[PDB]
Amino acid sequence: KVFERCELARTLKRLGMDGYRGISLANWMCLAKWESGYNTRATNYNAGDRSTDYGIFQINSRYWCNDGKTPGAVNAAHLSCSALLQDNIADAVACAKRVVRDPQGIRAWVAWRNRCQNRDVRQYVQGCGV
Ligand SMILES: *SC[C@H](NC(C)=O)C(=O)O
């Protein structure tokens with residue numbers, strides 16, 4: 001599903017992302033925008049390393065979700081990448097939380113560094129009531 005900007009912002013607040021490990025909702029929004037255009041169906045195959053990025057946050061199959069086809073990856077005891085292609089983003093949020101629990105935080109996503117860090121990201125949440 002393709003989320004409307006404010007619909008997404010309110011959803012992320014409800015799932016407790018505002019200020020999670022010091023990350024503002026505006027930062028999480030900036031991240032979803034440049035990663036998938038707020039599209040839960042988004043999939044990006046990295047030919048170079050044979051991994052795939054899945055969902056609204058473009059989570060990778062080598063480190064975080066199991067898809068079976070990715071070489072040198074986390075096993076089948078971990079969350080299925082399919083769970084990140086659902087309309088309901090609860091699993092994706094729970095996984096995004098885990099990713100930033102690493103010392104690297106939100107910097108784990110290179111798109112965040114390019115397009116969001118050291119920027120006025122107020123625009124992503126202005127007028128949403130969050
Ligand atoms: S981010 C999803 C999570 N992955 C790892 C590697 O802990 C899981 O729930 O398995």
# chains A, B, ... in the order shown; residues from 1 in each chain; ligands from 1
$ residues_around --residues "region 42-55 of chain A" --least-positions-apart "6" --cutoff "9 Å" --atoms "only C-alpha atoms" --output "list in words"
residues 35, 36, 61, 62, 65, 67, 69, 70, 71, 73, 81, 82, 83, 84, 85, 86, 89 and 92 of chain A
$ write_last_selection --atoms "C-alpha atoms" --output "PDB file, in the first residue's frame"
ATOM      1  CA  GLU A  35      13.709   4.758   0.984  1.00  0.00           C
ATOM      2  CA  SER A  36      10.336   3.712  -0.556  1.00  0.00           C
ATOM      3  CA  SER A  61      17.857  -9.706   3.668  1.00  0.00           C
ATOM      4  CA  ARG A  62      21.475 -10.361   4.681  1.00  0.00           C
ATOM      5  CA  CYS A  65      15.176 -10.716   7.476  1.00  0.00           C
ATOM      6  CA  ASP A  67      14.349 -14.740   2.302  1.00  0.00           C
ATOM      7  CA  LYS A  69      17.959 -16.824  -1.527  1.00  0.00           C
ATOM      8  CA  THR A  70      20.523 -14.421   0.032  1.00  0.00           C
ATOM      9  CA  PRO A  71      24.028 -15.843   0.429  1.00  0.00           C
ATOM     10  CA  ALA A  73      22.734 -14.299   5.610  1.00  0.00           C
ATOM     11  CA  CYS A  81      11.194 -10.872   4.603  1.00  0.00           C
ATOM     12  CA  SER A  82       7.624 -11.491   3.416  1.00  0.00           C
ATOM     13  CA  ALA A  83       6.422  -9.957   6.724  1.00  0.00           C
ATOM     14  CA  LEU A  84       7.919  -6.638   5.497  1.00  0.00           C
ATOM     15  CA  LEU A  85       5.693  -6.619   2.416  1.00  0.00           C
ATOM     16  CA  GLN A  86       2.396  -6.480   4.360  1.00  0.00           C
ATOM     17  CA  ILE A  89       3.558  -2.053   9.140  1.00  0.00           C
ATOM     18  CA  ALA A  92       8.450  -3.499   9.835  1.00  0.00           C
TER      19      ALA A  92
END
$ residues_near_ligand --ligand "ligand 1" --cutoff "7 Å" --atoms "only C-alpha atoms and all ligand atoms" --output "PyMOL selection string"
chain A and resi 63-65+74+78-79+94-96+98-99
$ atom_distance --atom1 "CA of residue 68 (chain A)" --atom2 "CA of residue 93 (chain A)"
21.7 Å
$ closest_residue --among "A:76, A:121, A:2, A:59" --to "residue 108 (chain A)" --atoms "only C-alpha atoms"
A:59
$ closest_residue --among "A:113, A:41, A:101, A:5" --to "residue 22 (chain A)" --atoms "only C-alpha atoms"
A:101
$ residues_around --residues "residue 9 (chain A)" --least-positions-apart "3" --cutoff "8 Å" --atoms "only C-alpha atoms" --output "NGL selection string"
:A and (5-6 or 12-13 or 25 or 29 or 125 or 128 or 130)
$ write_last_selection --atoms "N, CA, C and O atoms" --output "PDB file, in the first residue's frame"
ATOM      1  N   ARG A   5       1.199  10.974   3.391  1.00  0.00           N
ATOM      2  CA  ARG A   5       2.187  11.477   4.381  1.00  0.00           C
ATOM      3  C   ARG A   5       1.694  11.540   5.816  1.00  0.00           C
ATOM      4  O   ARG A   5       2.425  10.977   6.698  1.00  0.00           O
ATOM      5  N   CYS A   6       0.565  12.154   6.081  1.00  0.00           N
ATOM      6  CA  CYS A   6       0.050  12.304   7.465  1.00  0.00           C
ATOM      7  C   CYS A   6      -0.485  11.022   8.067  1.00  0.00           C
ATOM      8  O   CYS A   6      -0.398  10.830   9.296  1.00  0.00           O
ATOM      9  N   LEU A  12       3.105   5.902  12.695  1.00  0.00           N
ATOM     10  CA  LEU A  12       4.419   5.751  13.372  1.00  0.00           C
ATOM     11  C   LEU A  12       4.377   6.230  14.823  1.00  0.00           C
ATOM     12  O   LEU A  12       5.006   5.553  15.656  1.00  0.00           O
ATOM     13  N   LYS A  13       3.658   7.281  15.131  1.00  0.00           N
ATOM     14  CA  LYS A  13       3.559   7.791  16.518  1.00  0.00           C
ATOM     15  C   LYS A  13       2.904   6.755  17.413  1.00  0.00           C
ATOM     16  O   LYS A  13       3.278   6.463  18.569  1.00  0.00           O
ATOM     17  N   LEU A  25      10.237  11.671  14.972  1.00  0.00           N
ATOM     18  CA  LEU A  25       9.270  11.131  13.951  1.00  0.00           C
ATOM     19  C   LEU A  25       9.655  11.703  12.606  1.00  0.00           C
ATOM     20  O   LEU A  25       9.614  11.040  11.544  1.00  0.00           O
ATOM     21  N   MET A  29      10.251   9.631   9.126  1.00  0.00           N
ATOM     22  CA  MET A  29       9.450  10.015   7.991  1.00  0.00           C
ATOM     23  C   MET A  29      10.363  10.309   6.781  1.00  0.00           C
ATOM     24  O   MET A  29      10.018  10.004   5.629  1.00  0.00           O
ATOM     25  N   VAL A 125       6.519  16.265   8.673  1.00  0.00           N
ATOM     26  CA  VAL A 125       5.442  16.081   9.641  1.00  0.00           C
ATOM     27  C   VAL A 125       4.575  17.330   9.800  1.00  0.00           C
ATOM     28  O   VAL A 125       3.644  17.239  10.610  1.00  0.00           O
ATOM     29  N   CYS A 128       0.447  17.464  10.431  1.00  0.00           N
ATOM     30  CA  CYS A 128      -0.093  16.113  10.628  1.00  0.00           C
ATOM     31  C   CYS A 128      -0.762  15.887  11.968  1.00  0.00           C
ATOM     32  O   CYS A 128      -1.368  14.813  12.113  1.00  0.00           O
ATOM     33  N   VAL A 130       0.803  15.608  14.948  1.00  0.00           N
ATOM     34  CA  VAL A 130       1.689  14.764  15.749  1.00  0.00           C
ATOM     35  C   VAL A 130       2.710  15.674  16.465  1.00  0.00           C
ATOM     36  O   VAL A 130       2.790  16.883  16.115  1.00  0.00           O
TER      37      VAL A 130
END
$ select_by_dssp --residues "chain A" --states "helix (DSSP H, G or I)" --output "PyMOL selection string"
chain A and resi 5-14+25-36+81-85+90-99+105-108+110-115+122-124
$ select_by_dssp --residues "region 17-66 of chain A" --states "strand (DSSP E)" --output "list in words"
residues 43, 44, 45, 46, 51, 52, 53, 54, 59 and 60 of chain A
$ closest_residue --among "A:56, A:8, A:110, A:30" --to "residue 91 (chain A)" --atoms "only C-alpha atoms"
A:56
$ atom_distance --atom1 "CA of residue 21 (chain A)" --atom2 "CA of residue 1 (chain A)"
27.1 Å
$ atom_distance --atom1 "CA of residue 112 (chain A)" --atom2 "CA of residue 75 (chain A)"
27.1 Å
$ decode --residues "region 1-129 of chain A" --atoms "C-alpha atoms" --output "PDB file, in the first residue's frame"
ATOM      1  CA  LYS A   1       0.000   0.000   0.000  1.00  0.00           C
ATOM      2  CA  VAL A   2       1.090   3.613  -0.634  1.00  0.00           C
ATOM      3  CA  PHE A   3       0.625   5.701   2.530  1.00  0.00           C
ATOM      4  CA  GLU A   4      -0.433   9.345   2.510  1.00  0.00           C
ATOM      5  CA  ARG A   5       2.187  11.477   4.381  1.00  0.00           C
ATOM      6  CA  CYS A   6       0.050  12.304   7.465  1.00  0.00           C
ATOM      7  CA  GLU A   7      -1.625   8.896   7.648  1.00  0.00           C
ATOM      8  CA  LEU A   8       1.889   7.407   7.974  1.00  0.00           C
ATOM      9  CA  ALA A   9       3.074  10.007  10.561  1.00  0.00           C
ATOM     10  CA  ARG A  10       0.158   9.229  12.899  1.00  0.00           C
ATOM     11  CA  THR A  11       0.716   5.469  12.395  1.00  0.00           C
ATOM     12  CA  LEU A  12       4.419   5.751  13.372  1.00  0.00           C
ATOM     13  CA  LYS A  13       3.559   7.791  16.518  1.00  0.00           C
ATOM     14  CA  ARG A  14       1.080   5.131  17.623  1.00  0.00           C
ATOM     15  CA  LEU A  15       3.633   2.369  17.223  1.00  0.00           C
ATOM     16  CA  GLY A  16       5.976   4.405  19.429  1.00  0.00           C
ATOM     17  CA  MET A  17       8.618   5.673  16.992  1.00  0.00           C
ATOM     18  CA  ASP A  18       8.657   9.346  18.195  1.00  0.00           C
ATOM     19  CA  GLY A  19      12.020   9.767  19.953  1.00  0.00           C
ATOM     20  CA  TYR A  20      12.921   6.042  19.813  1.00  0.00           C
ATOM     21  CA  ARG A  21      16.670   5.817  20.621  1.00  0.00           C
ATOM     22  CA  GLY A  22      16.765   9.621  20.119  1.00  0.00           C
ATOM     23  CA  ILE A  23      15.131   9.520  16.654  1.00  0.00           C
ATOM     24  CA  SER A  24      12.381  12.077  15.948  1.00  0.00           C
ATOM     25  CA  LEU A  25       9.270  11.131  13.951  1.00  0.00           C
ATOM     26  CA  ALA A  26      10.396  13.664  11.356  1.00  0.00           C
ATOM     27  CA  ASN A  27      13.614  11.642  10.928  1.00  0.00           C
ATOM     28  CA  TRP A  28      11.708   8.337  10.551  1.00  0.00           C
ATOM     29  CA  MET A  29       9.450  10.015   7.991  1.00  0.00           C
ATOM     30  CA  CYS A  30      12.423  11.400   6.058  1.00  0.00           C
ATOM     31  CA  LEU A  31      13.807   7.858   5.983  1.00  0.00           C
ATOM     32  CA  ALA A  32      10.553   6.213   4.690  1.00  0.00           C
ATOM     33  CA  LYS A  33      10.216   8.974   2.058  1.00  0.00           C
ATOM     34  CA  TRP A  34      13.611   8.503   0.439  1.00  0.00           C
ATOM     35  CA  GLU A  35      13.709   4.758   0.984  1.00  0.00           C
ATOM     36  CA  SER A  36      10.336   3.712  -0.556  1.00  0.00           C
ATOM     37  CA  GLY A  37       8.158   6.735  -1.184  1.00  0.00           C
ATOM     38  CA  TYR A  38       5.968   5.393   1.700  1.00  0.00           C
ATOM     39  CA  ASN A  39       5.295   2.135  -0.216  1.00  0.00           C
ATOM     40  CA  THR A  40       5.003  -1.106   1.749  1.00  0.00           C
ATOM     41  CA  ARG A  41       5.416  -3.160  -1.467  1.00  0.00           C
ATOM     42  CA  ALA A  42       8.813  -1.625  -2.452  1.00  0.00           C
ATOM     43  CA  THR A  43      11.571  -4.134  -3.198  1.00  0.00           C
ATOM     44  CA  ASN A  44      15.131  -3.352  -4.346  1.00  0.00           C
ATOM     45  CA  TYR A  45      17.491  -6.155  -5.521  1.00  0.00           C
ATOM     46  CA  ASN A  46      21.222  -5.398  -5.058  1.00  0.00           C
ATOM     47  CA  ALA A  47      22.779  -7.349  -7.940  1.00  0.00           C
ATOM     48  CA  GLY A  48      26.270  -6.787  -6.626  1.00  0.00           C
ATOM     49  CA  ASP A  49      25.796  -8.653  -3.361  1.00  0.00           C
ATOM     50  CA  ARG A  50      22.655 -10.719  -4.058  1.00  0.00           C
ATOM     51  CA  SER A  51      20.641  -9.189  -1.227  1.00  0.00           C
ATOM     52  CA  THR A  52      17.206  -7.582  -1.431  1.00  0.00           C
ATOM     53  CA  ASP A  53      15.858  -4.558   0.481  1.00  0.00           C
ATOM     54  CA  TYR A  54      12.237  -4.951   1.567  1.00  0.00           C
ATOM     55  CA  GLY A  55       9.302  -2.722   2.378  1.00  0.00           C
ATOM     56  CA  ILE A  56       8.654   0.797   3.553  1.00  0.00           C
ATOM     57  CA  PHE A  57      12.026   1.014   5.334  1.00  0.00           C
ATOM     58  CA  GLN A  58      13.940  -1.055   2.767  1.00  0.00           C
ATOM     59  CA  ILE A  59      15.272  -3.603   5.261  1.00  0.00           C
ATOM     60  CA  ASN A  60      17.997  -5.946   3.981  1.00  0.00           C
ATOM     61  CA  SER A  61      17.857  -9.706   3.668  1.00  0.00           C
ATOM     62  CA  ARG A  62      21.475 -10.361   4.681  1.00  0.00           C
ATOM     63  CA  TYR A  63      21.365  -8.843   8.152  1.00  0.00           C
ATOM     64  CA  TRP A  64      17.757  -8.519   9.250  1.00  0.00           C
ATOM     65  CA  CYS A  65      15.176 -10.716   7.476  1.00  0.00           C
ATOM     66  CA  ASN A  66      15.378 -14.228   5.971  1.00  0.00           C
ATOM     67  CA  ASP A  67      14.349 -14.740   2.302  1.00  0.00           C
ATOM     68  CA  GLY A  68      16.253 -17.992   1.666  1.00  0.00           C
ATOM     69  CA  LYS A  69      17.959 -16.824  -1.527  1.00  0.00           C
ATOM     70  CA  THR A  70      20.523 -14.421   0.032  1.00  0.00           C
ATOM     71  CA  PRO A  71      24.028 -15.843   0.429  1.00  0.00           C
ATOM     72  CA  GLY A  72      25.870 -15.387   3.744  1.00  0.00           C
ATOM     73  CA  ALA A  73      22.734 -14.299   5.610  1.00  0.00           C
ATOM     74  CA  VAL A  74      20.788 -14.678   8.842  1.00  0.00           C
ATOM     75  CA  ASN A  75      18.919 -17.990   8.976  1.00  0.00           C
ATOM     76  CA  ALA A  76      15.342 -19.172   8.873  1.00  0.00           C
ATOM     77  CA  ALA A  77      14.880 -18.740  12.683  1.00  0.00           C
ATOM     78  CA  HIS A  78      14.602 -14.949  12.053  1.00  0.00           C
ATOM     79  CA  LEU A  79      11.667 -12.964  10.660  1.00  0.00           C
ATOM     80  CA  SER A  80      10.655 -13.784   7.048  1.00  0.00           C
ATOM     81  CA  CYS A  81      11.194 -10.872   4.603  1.00  0.00           C
ATOM     82  CA  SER A  82       7.624 -11.491   3.416  1.00  0.00           C
ATOM     83  CA  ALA A  83       6.422  -9.957   6.724  1.00  0.00           C
ATOM     84  CA  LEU A  84       7.919  -6.638   5.497  1.00  0.00           C
ATOM     85  CA  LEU A  85       5.693  -6.619   2.416  1.00  0.00           C
ATOM     86  CA  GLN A  86       2.396  -6.480   4.360  1.00  0.00           C
ATOM     87  CA  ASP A  87       0.015  -3.468   4.359  1.00  0.00           C
ATOM     88  CA  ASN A  88       0.113  -3.513   8.187  1.00  0.00           C
ATOM     89  CA  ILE A  89       3.558  -2.053   9.140  1.00  0.00           C
ATOM     90  CA  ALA A  90       3.710  -3.430  12.662  1.00  0.00           C
ATOM     91  CA  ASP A  91       6.418  -6.037  11.842  1.00  0.00           C
ATOM     92  CA  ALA A  92       8.450  -3.499   9.835  1.00  0.00           C
ATOM     93  CA  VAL A  93       8.406  -1.054  12.776  1.00  0.00           C
ATOM     94  CA  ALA A  94       9.500  -3.733  15.245  1.00  0.00           C
ATOM     95  CA  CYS A  95      12.348  -4.584  12.886  1.00  0.00           C
ATOM     96  CA  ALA A  96      13.276  -0.928  12.256  1.00  0.00           C
ATOM     97  CA  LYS A  97      13.532  -0.538  16.066  1.00  0.00           C
ATOM     98  CA  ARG A  98      15.979  -3.431  16.264  1.00  0.00           C
ATOM     99  CA  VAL A  99      18.169  -2.099  13.452  1.00  0.00           C
ATOM    100  CA  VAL A 100      18.780   1.223  15.296  1.00  0.00           C
ATOM    101  CA  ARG A 101      19.482  -0.569  18.597  1.00  0.00           C
ATOM    102  CA  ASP A 102      22.982  -1.001  17.092  1.00  0.00           C
ATOM    103  CA  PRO A 103      25.565   1.696  17.891  1.00  0.00           C
ATOM    104  CA  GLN A 104      25.217   2.980  14.307  1.00  0.00           C
ATOM    105  CA  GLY A 105      21.571   4.002  14.910  1.00  0.00           C
ATOM    106  CA  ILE A 106      19.670   5.498  11.976  1.00  0.00           C
ATOM    107  CA  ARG A 107      22.995   6.030  10.163  1.00  0.00           C
ATOM    108  CA  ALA A 108      22.650   2.359   9.134  1.00  0.00           C
ATOM    109  CA  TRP A 109      20.699   3.598   6.091  1.00  0.00           C
ATOM    110  CA  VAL A 110      22.969   5.546   3.673  1.00  0.00           C
ATOM    111  CA  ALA A 111      19.875   7.350   2.249  1.00  0.00           C
ATOM    112  CA  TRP A 112      19.341   8.894   5.729  1.00  0.00           C
ATOM    113  CA  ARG A 113      22.867  10.388   5.649  1.00  0.00           C
ATOM    114  CA  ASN A 114      22.487  11.818   2.125  1.00  0.00           C
ATOM    115  CA  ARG A 115      18.998  13.181   2.393  1.00  0.00           C
ATOM    116  CA  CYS A 116      18.129  13.653   6.050  1.00  0.00           C
ATOM    117  CA  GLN A 117      21.123  14.211   8.403  1.00  0.00           C
ATOM    118  CA  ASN A 118      21.887  17.815   9.349  1.00  0.00           C
ATOM    119  CA  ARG A 119      18.741  18.999   7.599  1.00  0.00           C
ATOM    120  CA  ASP A 120      15.527  20.788   8.528  1.00  0.00           C
ATOM    121  CA  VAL A 121      13.162  17.773   8.372  1.00  0.00           C
ATOM    122  CA  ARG A 122      10.092  19.549   9.786  1.00  0.00           C
ATOM    123  CA  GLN A 123       8.394  19.457   6.397  1.00  0.00           C
ATOM    124  CA  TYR A 124       7.788  15.668   6.655  1.00  0.00           C
ATOM    125  CA  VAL A 125       5.442  16.081   9.641  1.00  0.00           C
ATOM    126  CA  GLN A 126       4.112  19.665   9.335  1.00  0.00           C
ATOM    127  CA  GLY A 127       0.327  19.787   9.672  1.00  0.00           C
ATOM    128  CA  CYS A 128      -0.093  16.113  10.628  1.00  0.00           C
ATOM    129  CA  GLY A 129      -1.224  16.666  14.234  1.00  0.00           C
TER     130      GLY A 129
END
